[PDB]
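In each ligand, atom 1 is the first atom listed, and ligand 1 is the first ligand listed. A, B, ... follow the sequence lines: proteins, then strands. Residue 1 opens every chain.
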Number of protein chains: 2
Amino acid sequence: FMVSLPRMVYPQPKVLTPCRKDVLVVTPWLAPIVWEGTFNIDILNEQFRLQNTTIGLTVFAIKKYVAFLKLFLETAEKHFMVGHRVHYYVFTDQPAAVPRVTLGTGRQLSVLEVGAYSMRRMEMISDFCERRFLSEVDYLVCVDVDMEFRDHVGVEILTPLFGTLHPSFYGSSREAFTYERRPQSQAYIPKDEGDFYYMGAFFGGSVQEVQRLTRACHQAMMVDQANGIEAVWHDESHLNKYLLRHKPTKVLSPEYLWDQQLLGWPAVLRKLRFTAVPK
Amino acid sequence: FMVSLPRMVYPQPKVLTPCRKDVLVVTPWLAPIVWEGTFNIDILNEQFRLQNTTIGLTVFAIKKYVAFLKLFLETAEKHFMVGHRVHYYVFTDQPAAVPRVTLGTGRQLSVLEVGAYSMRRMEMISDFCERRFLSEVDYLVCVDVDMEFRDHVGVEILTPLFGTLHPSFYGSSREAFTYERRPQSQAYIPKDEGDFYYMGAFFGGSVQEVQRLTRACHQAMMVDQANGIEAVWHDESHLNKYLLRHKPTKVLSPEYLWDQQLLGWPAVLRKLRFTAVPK
Ligand SMILES: O=c1ccn([C@@H]2O[C@H](COP(=O)(O)OP(=O)(O)O[C@H]3O[C@H](CO)[C@@H](O)[C@H](O)[C@H]3O)[C@@H](O)[C@H]2O)c(=O)[nH]1
Ligand SMILES: O=c1ccn([C@@H]2O[C@H](COP(=O)(O)OP(=O)(O)O[C@H]3O[C@H](CO)[C@@H](O)[C@H](O)[C@H]3O)[C@@H](O)[C@H]2O)c(=O)[nH]1
Ligand SMILES: [Mn+2]
Ligand SMILES: [Mn+2]
């Protein structure tokens with residue numbers, strides 16, 4: 001049950017004025033594509049706070065990648081779901097190397113140890129952590145660690161299932177997408193199929209939908225392994241196959257996954273929110 | 001659980017090409033605004049058929065308005081949810097005056113008799129028919145009868161909660177909206193609030209959300225009656241108050257509720273789907 005919003009004063013949306021004329025802001029299956037200027041964060045914050053929403057964030061820091069945690073977490077504290085309940089789940093082979101990061105109120109961090117080792121992340125999120133997540137959070141956000149938050153990443157992303165447009169391919173035609181092209185792989189997508197090329201570095205949704213996605217990808221990856229084939233971009237290839245056949249209910253623009261060193265700051269990006277760190 | 005979509009061949013959505021540049025296609029709370037050119041109906045039909053979706057349509061034909069049923073129903077057969085399961089619920093004081101309309105396969109019609117008499121419709125939909133609808137349909141669409149379908153009205157509208165932009169006010173600023181302006185009414189909206197002016201003639205959603213809306217509006221109307229006040233536009237005033245405080249998850253453009261005699265055929269309308277009949 002959703003309680004009433006309070007009175008709010010904000011600019012009237014005008015039907016004969018688009019928010020953005022330079023970009024596609026809705027997919028052909030009526031999922032919003034999230035760009036700056038398409039959302040009033042005050043309305044969304046109200047909606048999600050009234051439901052006491054808890055967001056889980058998963059991040060893996062195995063071997064040398066523990067070095068990325070300090071900046072990742074400190075910048076998440078500045079920019080990720082501020083004002084909402086957040087539970088970080090840090091998966092690592094070196095619990096002692098997790099930096100002690102000071103958290104805002106209503107935010108917690110759990111260190112989950114994994115064995116020293118694509119397959120792990122999908123497997124961990126689905127198989128081992130299924131019951132944990134269902135009991136503890138409403139939404140799960142699953143990201144790469146070699147990243148930093150530079151600007152707002154908030155409840156505008158939340159939805160049953162989302163993927164993020166890969167920053168190198170948002171202007172590409174589908175035949176150029178680096179999907180798995182061998183019919184022998186479960187991740188196979190022919191050249192006349194595909195909506196978008198989604199990056200494996202940032203996906204999420206409700207706990208139920210994320211567990212469905214990660215279970216399906218893990219099962220498909222096991223089939224490929226049994227058949228002696230490894231998809232060209234590993235987990236990302238399977239994620240793309242899944243999101244082709246199970247359309248996401250929001251799509252995040254490349255504001256949410258950018259590499260400024262590689263790609264600069266094009267006119268179409270009003271904000272660079274979550275960005276690659278040198279590695 | 002949602003099964004996989006089959007392989008489909010359709011045009012690739014292009015991120016740097018908007019579907020429509022002349023209109024707002026998403027609200028500030030990230031609800032799609034449904035216009036022609038924003039949706040691929042083949043994808044949506046697949047999604048909804050894979051769930052074996054059943055759509056209920058409610059229509060009231062009391063006193064002289066039974067005359068509108070023949071055209072309403074015959075044109076619904078041509079244009080409304082064709083290929084999907086449909087259950088019409090015709091509420092009338094004259095069951096014998098309901099025309100015998102030939103239905104396509106997978107479509108049924110129930111005649112519900114009501115006593116000879118705003119309050120009735122919200123009351124009937126919520127109070128009397130609650131259990132019926134929950135058992136029989138997935139979505140409810142609630143419309144006026146003095147109307148005809150001229151073009152496709154399909155599963156693109158389906159969502160937990162929708163309203164429809166009133167055709168006379170989609171270009172108006174909020175201070176001009178004919179909301180109830182007396183603070184003594186439950187339907188009161190001050191001049192600095194409001195997103196859109198929604199028409200009472202076409203709303204819907206999941207059965208649960210429609211029952212919530214109609215219950216809330218009926219309760220608010222009873223409060224007003226007890227206080228000796230009748231909102232300026234009756235049920236429509238209350239519907240507007242509800243949708244201000246409970247944001248719809250889709251908004252239908254005025255393609256879905258048009259009066260051509262009054263308003264012609266402006267450039268912004270590529271299709272006139274559901275239109276007023278002279279009365
Ligand atoms: O030794 C390692 C290697 C990887 N990781 C984790 O795995 C993530 C992915 O590896 P990374 O080296 O960041 O791969 P990238 O080349 O930056 O990213 C590509 O490969 C990833 C893994 O397949 C996908 O998530 C991305 O979408 C795709 O762009 C890292 O961020 C870490 O969270 C570790 O923890 N330790
Ligand atoms: O004697 C009547 C009068 C009304 N109705 C039903 O009620 C509906 C609404 O009445 P109508 O005469 O169509 O009102 P309109 O002036 O066309 O519509 C305005 O009033 C309606 C009722 O308040 C709202 O649904 C609309 O949004 C608003 O534009 C009709 O279509 C019928 O379904 C009857 O069945 N018999
Ligand atoms: Mn990375
Ligand atoms: Mn009418």
Side-chain angles (χ1 to χ4, degrees), chain A residues 58-69 72 90-94 97 114 116 118-122 124 142-148 163-169 178 197-203 217 221 230-240 257 259 262 274-279, chain B residues 58-69 72 90-94 114 116 118-122 124 142-147 163-169 178 197-203 217 221 230-240 257 259 262 276-279:
Chain A
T58 67
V59 68
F60 291 71
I62 289 163
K63 297 189 197 82
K64 299 190 183 86
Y65 282 60
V66 295
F68 294 113
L69 285 167
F72 177 92
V90 176
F91 296 90
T92 186
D93 60 341
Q94 302 155 77
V114 299
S118 262
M119 268 222 255
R120 154 51 69 241
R121 298 197 292 181
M122 296 299 188
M124 265 308 318
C142 306
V143 299
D144 280 16
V145 75
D146 59 330
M147 300 289 298
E148 59 175 321
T164 302
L165 297 181
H166 193 298
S168 296
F169 301 112
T178 62
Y197 194 81
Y198 305 100
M199 195 170 249
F202 196 163
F203 65 91
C217 289
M221 284 185 300
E230 174 67 15
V232 61
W233 291 106
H234 313 113
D235 59 342
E236 177 169 279
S237 299
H238 290 95
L239 171 69
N240 274 281
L257 271 177
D259 184 332
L262 185 76
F274 185 59
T275 64
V277 177
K279 67 164 184 311
Chain B
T58 67
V59 68
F60 291 71
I62 289 163
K63 297 189 197 82
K64 299 190 183 86
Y65 282 60
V66 295
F68 294 113
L69 285 167
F72 177 92
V90 176
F91 296 90
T92 186
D93 60 341
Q94 302 155 77
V114 299
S118 262
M119 268 222 255
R120 154 51 69 241
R121 298 197 292 181
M122 296 299 188
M124 265 308 318
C142 306
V143 299
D144 280 16
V145 75
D146 59 330
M147 300 289 298
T164 302
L165 297 181
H166 193 298
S168 296
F169 301 112
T178 62
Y197 194 81
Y198 305 100
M199 195 170 249
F202 196 163
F203 65 91
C217 289
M221 284 185 300
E230 174 67 15
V232 61
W233 291 106
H234 313 113
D235 59 342
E236 177 169 279
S237 299
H238 290 95
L239 171 69
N240 274 281
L257 271 177
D259 184 332
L262 185 76
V277 177
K279 67 164 184 311

**Request:** Find out whether A:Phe60 and A:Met124 are in side-chain contact, i.e. whether some heavy atom of one side chain is under 4.5 Å from a heavy atom of the other.
**Result:** yes
**Message:** List the residues meeting side-chain contact (heavy atoms from CB on, under 4.5 Å) with A:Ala97, not counting sequence neighbours, and say none if there are none.
**Reply:** A:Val66, A:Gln94
**Message:** As an exercise, identify every atom of ligand 2 less than 4.0 angstrom from a heavy atom of B:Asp146.
**Reply:** 13 (O), 17 (O), 31 (O)
**Request:** Tell me the protein N, O or S atoms under 2.8 Å from the Mn ion (ligand 3), in chain and number order.
**Result:** A:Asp144 OD2, A:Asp146 OD1, A:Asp146 OD2
**Message:** Students often mix this up, so state it plainly: with edges at 30° and 60°, are the rings of A:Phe169 and A:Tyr197 parallel, tilted or perpendicular?
**Reply:** perpendicular
**Listed partners of A:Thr92 passing side-chain hydrogen bond (donor to acceptor under 3.5 Å, both in side chains), at least two apart** = none
**Asked** With respect to atom 25 (O) of ligand 1, which of A:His234, A:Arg121, A:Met147, A:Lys63 exhibits the smallest heavy-atom separation?
**Response** A:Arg121
**Asked** What heavy-atom pair brings A:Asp235 and A:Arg121 nearest, and what distance separates the two atoms?
**Response** OD2-NH2, 3.0 Å
**Fill in**
ligand 2 atoms nearer than 4.0 angstrom to some heavy atom of B:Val145 are 31 (O), 32 (C), 33 (O)
**Message:** Just to be sure I'm reading this right: ignoring hydrogens, which of B:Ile62, B:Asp144, B:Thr178 gets closest to atom 18 (O) of ligand 2? Compare them by their nearest heavy atoms.
**Reply:** B:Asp144
**Message:** Students often mix this up, so state it plainly: with edges at 30° and 60°, are the rings of A:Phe274 and A:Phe202 parallel, tilted or perpendicular?
**Reply:** perpendicular
**Request:** Taking only heavy atoms of B:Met199 into account, list the atoms of ligand 2 that are under 4.0 Å away from them.
**Result:** 27 (O), 29 (O)
**Option with minimal heavy-atom separation from atom 28 (C) of ligand 1, where the choices are A:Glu236, A:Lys279, A:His238** = A:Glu236
**A:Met147 side chain reached by A:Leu257 side chain, heavy atoms, under 4.5 Å** = yes
**Request:** Number the atoms of ligand 2 from 1 as they appear, then name those within less than 4.0 Å of a heavy atom of B:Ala61, with their elements.
**Result:** 35 (O)
**Item:** Contacts of A:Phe68 that satisfy ring-ring contact (aromatic ring centres under 6.0 Å, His included) - sequence neighbours left out
**Value:** A:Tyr65
**Prompt:** Can you find a heavy atom in the side chain of A:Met122 that is under 4.5 Å from one in the side chain of A:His238?
**Reply:** no
**Message:** Please report whether the ring centroid of B:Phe203 lies less than 6.0 Å from that of B:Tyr198.
**Reply:** no
**Request:** With heavy atoms of B:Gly200 as the reference, note each atom of ligand 2 found under 4.0 Å away.
**Result:** 25 (O), 27 (O)
